[PDB]
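First, one chain by itself in structure tokens, the form deposited in one PDB entry.
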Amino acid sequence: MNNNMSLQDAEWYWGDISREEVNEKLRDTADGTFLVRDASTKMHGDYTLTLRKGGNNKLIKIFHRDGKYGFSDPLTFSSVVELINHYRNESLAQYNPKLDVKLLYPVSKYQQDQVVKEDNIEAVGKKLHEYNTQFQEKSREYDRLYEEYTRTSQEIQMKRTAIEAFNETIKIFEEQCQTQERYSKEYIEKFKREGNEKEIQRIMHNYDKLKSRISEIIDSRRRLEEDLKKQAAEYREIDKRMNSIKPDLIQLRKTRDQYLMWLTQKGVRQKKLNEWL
């Protein structure tokens, strides 16, 4: 029943898919997660067993010679199904002590068949068009939020420097008050005597004009801090909106990929796929 099953009908056999297509399916998957594909037509060997171990993909070539399969000479297995199902029930420590792990979780080519239960091709072809439009809607929605996210991040950084630029200006304008307060005390005290109030009238007018400008510059820096808190809240708000769309973008992509993967089977014509997409 198990070992008498054909290699085509086996769930873990994927045929002539690329190593990239294997990397996609085994990305962020548990240990012992595996599948089988055809070997590279450049290289020796018939099939390639890719399995997870320590968060890494482990490529193991399955060779053939005179009705027997295996990883190295001597080739002891009757078929590839016998080789896999053996290491589904037993560790690969037998072959190599390095990778002590079993073939626990087969990545099925009937995985999409579980999700897309609808049999008809035209019905599934219509849902692909619907799922793709929902995906493209949220994709354009995400791009518009990211355009704001960058523009907001830039303007915050422009403001953040301008706050420090205001503070240096205020230090210089307060140093100017120290420059006045230092050299004015000696000259005003010499001129408070001798009855020359005309001198103090001009100096104290100039001192008030300096303090008037300090009040305005401190107000401008105070007003900028409100725009910073306002625009920083927008950055946080936009980042919340994007992080809500992020998981929807993954699921809408992954679901649509499975609907596309289902129509890759049963030889659906490329012309029909592009019209739906």
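Counting begins at 1, following the sequence as shown. Superpose the two forms; the largest set of C-alphas matching within 1.5 Å is the rigid core.
For a rigid core alignment of each structure in 8 other deposited structures of this protein onto the shown form, which stretch has the higher root mean square Cα deviation: 77-85 or 129-137? Stretch with the higher C-alpha RMS distance in 8 other deposited structures of this protein: 129-137.
208-216 versus 30-38: which one's CA atoms end up farther from this form in 8 other deposited structures of this protein after a core fit? Farther from the shown form on average in 8 other deposited structures of this protein: 30-38.
Are coordinates for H44 absent from at least a third of the other PDB entries that model its neighbours? Yes, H44 lacks coordinates in at least a third of the other compared entries.
Could you check the entry and say whether 68-76 or 171-179 has the higher mean CA B-factor? According to the entry, 171-179 carries the higher average C-alpha B-factor.
Stretch with the higher entry mean CA B-factor, where the candidates are 156-164 and 114-122: For C-alpha atoms only, the mean B-factor is higher in 114-122.
Which one of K185, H86, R144, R151 shows the biggest C-alpha B-factor in the PDB entry? Of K185, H86, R144, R151, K185 has the highest C-alpha B-factor.
Name the residue from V107, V81, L103, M204 with the greatest C-alpha temperature factor listed in the entry. Largest recorded C-alpha B-factor: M204.
Using the B-factors in the PDB entry, rank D248's C-alpha atom against the chain and give the third, lowest, middle or highest. Middle third - that is where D248 ends up once the chain's C-alpha B-factors are sorted.
Among modelled residues of the same chain, the CA temperature factor third for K240: Answer is lowest: the recorded C-alpha B-factor places it there.
Mind checking which third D38 falls in for C-alpha B-factor across the chain? According to the entry, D38 has a C-alpha B-factor in the chain's lowest third.
Assigned third (lowest, middle, highest) for the C-alpha B factor of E234: For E234, whose C-alpha B-factor we compare with every modelled residue in the chain, the answer is the lowest third.
Divide the modelled residues of the chain into thirds by Cα B-factor and specify which third, lowest, middle or highest, holds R52. Tercile = lowest for this residue's CA B-factor.
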